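Single chain ahead, by itself, as structure tokens, in the form solved without pyrroloquinoline quinone (PQQ).
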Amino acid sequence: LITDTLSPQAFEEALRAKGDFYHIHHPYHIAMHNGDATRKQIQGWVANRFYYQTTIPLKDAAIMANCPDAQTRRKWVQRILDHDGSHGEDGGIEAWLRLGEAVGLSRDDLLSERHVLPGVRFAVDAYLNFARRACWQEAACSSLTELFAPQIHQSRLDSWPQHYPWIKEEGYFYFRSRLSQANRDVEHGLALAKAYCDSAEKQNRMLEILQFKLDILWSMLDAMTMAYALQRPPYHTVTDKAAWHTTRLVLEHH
């Protein structure tokens, strides 16, 4: 807990220390990364992670709708361009679609969202809903967990292909290459947090908002663990079929 307002520098260090809770320390992430995960588990990860990615532009658009500052909006929309693709070219979403096919899932499998677990949906939807309601500074700042991402790993040829030979190399490589080409300022979140949180009370609240964001990523992986690692998907005691809801009910009729 903070009593005396931290300085921009020490506040940056309180923010970065939340990195210890990043989802890379989740066992499901670790099993995947070590080559220990099964085919079902990989495919389930890609299909559920896909839901988080197709929601990010809705979430960025929500922030912009709450942002009366044109200069901020000019930087922020690059996040939407990134995912959706612009100038008639392909974007991040197309990268994730290429990974799906590389791991053996079809375009329609991913796009339909049919394999997305309720637990994943609720966590991801919490992110969107926070961005719809919170002030734009607070919602924008929550994007700074992106600073905890790996080294953009490539000194690892012994990492995925190697570990999972059944994954098609063409697709995987298109995925890694579309993503290393992002144009969004991954730092904007931190710069904004440093400028905006200029009192003890805001700084403490921002650390809680960061915690919320981390709780979302971790909770996505809990849901995957239950379903694909522990044999306990929703309703397993009553049916062997997938029976969870499959619709973004508030945004689409059917």
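Take the two forms, find the largest set of C-alpha atoms that superpose within 1.5 Å, and that set is the rigid core. Just count from 1 along the sequence shown to find any residue number.
For the pair 148 to 156 and 95 to 103, the mean Cα B-factor is higher in 148 to 156. When the two stretches 74 to 82 and 117 to 125 are set side by side, the higher mean Cα temperature factor goes to 74 to 82. For the set 59, 26, 205, 33, the PDB entry assigns the largest Cα B-factor to 33. In this structure the maximum Cα B-factor among 180, 143, 137, 112 is found at 180. In this PDB entry, the Cα temperature factor of residue 69 sits in the middle third of its chain's modelled residues. Sort the modelled residues of the chain by CA B factor and residue 213 lands in the lowest third. For residue 195, the recorded CA temperature factor ranks within the highest third of the chain's modelled residues.
Annotation for residue 49: C-alpha temperature factor in the lowest third relative to the rest of the modelled chain, per the entry.
What follows is about the form solved in complex with pyrroloquinoline quinone (PQQ), which we do not show.
Checking 160, 130, 174, 136 for any heavy atom within 4.5 Å of pyrroloquinoline quinone (PQQ) in the deposited bound form turns up a single hit: 174. Though pyrroloquinoline quinone (PQQ) is absent from this view, in the deposited bound form it lies within 4.5 Å of a heavy atom of just one residue from 202, 194, 59, 26, which is 59. With a 4.5 Å cutoff on heavy atoms, residue 228 does not count as touching pyrroloquinoline quinone (PQQ) in the deposited bound form; it lies far away. Taking the partner from elsewhere, residue 213 is found to have a heavy atom lying within 4.5 Å of pyrroloquinoline quinone (PQQ) in the deposited bound form.
Contact annotation: residue 72 falls outside 4.5 Å of pyrroloquinoline quinone (PQQ) in the deposited bound form, judged by heavy atom distances. Contact check for residue 83: a non-hydrogen atom falls within 4.5 Å of pyrroloquinoline quinone (PQQ) in the deposited bound form. Judged against pyrroloquinoline quinone (PQQ) in the deposited bound form with a 4.5 angstroms heavy atom cut-off, the residues 33, 48 and 107 are out of contact without exception.
Only one segment in the set 150 to 158, 112 to 120, 165 to 173, 97 to 105 has any non-hydrogen atom within 4.5 angstroms of pyrroloquinoline quinone (PQQ) in the deposited bound form, and it is 150 to 158. With the core held fixed by superposition, the comparison between the shown form and the other one singles out 185 as the only member of 185, 215, 36, 198 whose CA moves by at least 2 angstroms. Shown in the overlay between the shown form and the other one, fitted on the rigid core, is a CA shift at residue 132 smaller than 2 Å. With the core held fixed between the shown form and the other one, residue 155 has its Cα displaced by at least 2 Å. A displacement of 2 angstroms or greater separates the C-alpha positions of residue 173 between the shown form and the other one, with the rigid core held in common. Whereas the shown form places them at one spacing, the Cα atoms of residue 177 and residue 72 lie at least 3 Å closer in the deposited bound form. Relative to this form, the distance between the C-alpha atoms of residue 174 and residue 50 is reduced by at least 3 angstroms in the deposited bound form.
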